[PDB]
Structures are given as structure tokens and as C-alpha cells.
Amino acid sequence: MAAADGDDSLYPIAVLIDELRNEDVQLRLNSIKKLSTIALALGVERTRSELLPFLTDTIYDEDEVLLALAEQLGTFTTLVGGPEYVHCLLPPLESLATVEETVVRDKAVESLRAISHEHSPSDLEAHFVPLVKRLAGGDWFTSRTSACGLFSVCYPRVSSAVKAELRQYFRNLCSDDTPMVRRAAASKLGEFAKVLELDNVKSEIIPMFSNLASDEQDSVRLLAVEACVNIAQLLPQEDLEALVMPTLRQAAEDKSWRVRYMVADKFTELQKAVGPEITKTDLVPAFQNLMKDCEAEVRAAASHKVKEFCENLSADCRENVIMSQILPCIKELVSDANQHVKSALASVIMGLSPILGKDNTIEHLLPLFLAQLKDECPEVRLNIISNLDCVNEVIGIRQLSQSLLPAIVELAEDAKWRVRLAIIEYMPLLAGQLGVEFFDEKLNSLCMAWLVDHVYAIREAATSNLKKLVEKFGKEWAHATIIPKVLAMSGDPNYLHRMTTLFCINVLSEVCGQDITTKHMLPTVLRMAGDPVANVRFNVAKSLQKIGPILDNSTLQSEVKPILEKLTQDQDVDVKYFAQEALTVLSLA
């Protein structure tokens, strides 16, 4: 039997409950994962009055089905009756918020934060808020560390009478005896302070934050200084010097390297969120100290922020600050012992070129760029080559050819192939800016030599570089310089270098034009169609398919069709497949 319209069904619920709390772990886990089709087959009435009280009282089994059920009930607002009945989901989830396993209570607090907005202020102050009080007052740490994440989702939509209750409750959660929940409180410090009124973020959030920032365990001090960014985003620049700054000054020169690393990693975030004048007064010596730190991780984190910090200084003093206080520490950092520090500094150092000025980067920055170019570590070398376009824009192209071009030509054949790849990827800019005469005399040899590199990735990069050089200089220059050597590679006794000819023809038919690709490149492919290696043969088929749309139909029918037909009758299967596919795509068979 069926219903008139009501979701209510005569479906036996026994055969449904005979799988949720029955069978092995996998079957009941799948039933809980699918606990939504059964809620639709039962109906809103029967789901609220016959399946939810079920799940409320069945404290059973391992944490996997518990996690699945929490995630499922996170989306059960409509299946129980809408915003009117969501309060029936709060009991089961509450039990899931006290579970020992972290993932279960985390999914539970996620589901609670999701359905928190589905309540009205009456339902919040009548069902959710008491649930928060119950969870944050439990005997075990799991309930408290899970309840620490319920304050921000129900604080703004409740009355002005439970505000002090919840505030002092969160304060009690901060002054907890176990560090486990103290860590979560320090984490949610900022998240709860952003939803608080200004009259409360400076009278009760600031003392709590300072207390957490001077705790016995650095493990919570690091989260305190992390939430400092969100906290200082609320107080005006007049109160900071009295409320946020005293904790920051001691956190900068703290005994533990972890909170110092957190200070250095969020240094520019603080710089922007707290103000520019005070950074001129306070944060510049702090940066000088962090870049001269005894720990190496802190030095690396500080060097990573050099560029974005220096370009975010005040506009008037910047030229004096970076030259008289920041640049000496940078000169010290290039000769560091730790390779991570040097690499992180080289990854951002060239960004200081437009801030300093052409003469300043020539006199003060170019020797350091050179030194990092001749560095022994490959990562710092790659990072310093990465940002060469910035330097080339600041200084002159002629000046770059005078100072840094020999180093680039040397790194063109570096031991590690990714440095060579960086040089190849910077080749088109250098060619376009230096001109075809200088390129043909100097840099053409490197671009043609990369085509027979041992690493295949370098050969692919050179293949693409050929097309880019054509896009820079012209298909006429391509026919004059590039095409002869590319076709000469067709006689290499190594099939790996022989397929590079086909790859070059493929990438060059897009830019050389129908005439050039018909009179110079097509004969080479059609001759290579009889190569002994099957790889070269199916690559000939693929290359013909690639270059097809560039020739006129007479050439496809007169010279390409017989070659593809003869390749379809080869002994290898892959060459036959590719020749037949080329015939089909080119619309020839």
C-alpha cells in the first residue's frame, strides 16, 4: 500500500533496522553511508519519530560508522521537517561530539556548525546553547576541545544576556588544566574574537590572548601568536601599542624557535594588518633580528619574506631603510651555511630590483645575483634564474648582457637538467630583446645543441623553443637557420634524436606556413616513413596527421595518401594503427 501524498510509507522499518545495528562492519557502514534513501523511504514523520530516536540511543560499535553518521546527519535538516525540527538532530550529534577519536568529534563539530544557522534564535538559546554548555563542561577533554568550536556559530544570533555567559564560558575553556583543549581554545581565539563586539575584544579578548601568549608550553604560544594576526586586525592603531605590541615584542625574541618561526612566517601578514608606521618603529629591528637568528628554519622563513616586506615599507623611508638596515643582512644571508636559507632568499631576492633602482641593483645587487648563480646547490641556482625577467626590466638589456649573460651561457649546460630547462625557458625573451644578429652569433648554438641533449625533457624544451624563436624572428629566418639542421638530424644513428626531427616539424608547421612546410619539411617526413625503427615510423604517421591541415588537398592526395597506405601495411601493429588513424583524421580513407 502507498500514501495519498505524504512521504509516510508502509515500508517495514524492521527490515531497515535489521541492517543498521546488525551484520558486519562493512554492511552496516554502507547502510549508514546510505542513511538517506531509508530516510526518504520512511518519510519525514517516520524519520523524525522512528529512525532518529533509533540513532539517538544506539551507542554502538567503532568510530568509522560514527564518523559516517555524523557526516550524514550534517545534511538532515530537510529530512526531519525543516528549520522547525532540526532540534531533534542535536542529541545524537552531541554524543558524537564526545567521541574520543579526533576525526569523529571533528566531523561532529562540523555538522553542528553547519546546522547552527538552521535554528532560530529561540531554538539556539533553547537547544543549541545548552548543548554548548553541556559539551564544554564535560569531564573528558574531547567534549571540551570539540565544544571550543561552537561559540562563533551561535554567538551573534543570540540575546545580549547569554553573551557574558558564553564569554566567561570560553574564558574558563581557556584557563583549562589540560593543554589539549587549551590548544583548541588558542586556535579558535581569533575565530571567536572576530564575531565579538569592539567593547569586548579589548576588555576580555586581549587579556586572554596575552595569557595564552605567555603560557608555559610554546605549543600553545605559537597558536596565540597565530591568532594575533586576526586579533590586531580589530584594534585601531592607537590601542595596538598598548594591547598587542607588548606580547609581540616578547614573542619576537622568545626562547622557543617554534613561536619565533610562527612570528617570521606571519611577519608580512602582521605588517599589513597592524600598520606601517609601527613597522618603521618596531618591526624593522625585529626583521633584522629574525634574519640573524640562531635557528636556521627561522632564518629561512625570514628570508622568504624579504621581498614582500621591503616593498610594503613606507614610501618615503624605504630607500634608506632597505639600503642601511636590510641590505647588510641580505649580504650576510647569501653566504649562509644552510642551503634552505640561501634558496629561500634567492627565490625572492631579485624582486628587490625595481624597489632599489637600476644603479642600486647594479652596484649592490648584481654581484649577489652572480654569486647565487655560481652557487654549488642546484635549488638556489634554479631559484635565482627563475626571476631574471624582473632584473632585465629594471636594468638594461645591454647591462644584463654585460653582467649576467656569461653566467646564463654557462648554466645553459648545467649538470642538473632543470637549470638547463630554466635557461631554455628564458631563451625566447633574450632572443627577442637582443636581436637576430646577436642571437645568430651567440645564443643560436645553445638552442641547437639542446636538441641532442641526453635528457628527453631538454629536447622537448628545445623543440618548443624552436617554435618560440620562429615566432620571434620570422618564418624566413626559420627557413634560413633552423630548418637545415633540424632536417640534418634525420640521419642520426639514434632513433631518439631522429624522432626529434619529427617533433620539430610538428611544432614548426604551425608557424612556418604551407609553402615552407611543403617544400622543406614534408619531403623529410615522407623519406623518414621508411625508417627501420618502428617508433620513427608511427611518429611519421602521427606527424603527417599533425601537419595535414597545413597542406592543400592535391598534396594530401598525391603524396601523403600513398605513404599512409603503405604504412598501414607494415609489420608492426602500432604503425598500422597510427597510419590508419591518420588516414581517418585527415579524411583520406
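Counting begins at 1, following the sequence as shown.
Annotation for 377 to 385 versus 124 to 132: the higher mean temperature factor (C-alpha) is found in 124 to 132. 542 to 550 and 47 to 55 differ in mean CA B-factor, and the higher of the two is recorded for 47 to 55. Of all the options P236, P367, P484, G357, the entry's greatest CA B-factor is assigned to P236. Among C154, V259, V348, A478, the highest C-alpha B-factor recorded in the PDB entry belongs to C154. Placement of the Cα temperature factor of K416 within the chain: lowest third of the modelled residues, per the deposited record. Sorting the modelled residues of the chain by their CA temperature factor places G190 in the middle third. Ranked within its chain, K34 lands in the highest third, by CA B factor from the PDB record. The entry lists a Cα temperature factor for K467 that places it in the lowest third of the chain's modelled residues. Per the PDB record, residue ranking by Cα B-factor puts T142 in the middle third of the chain.
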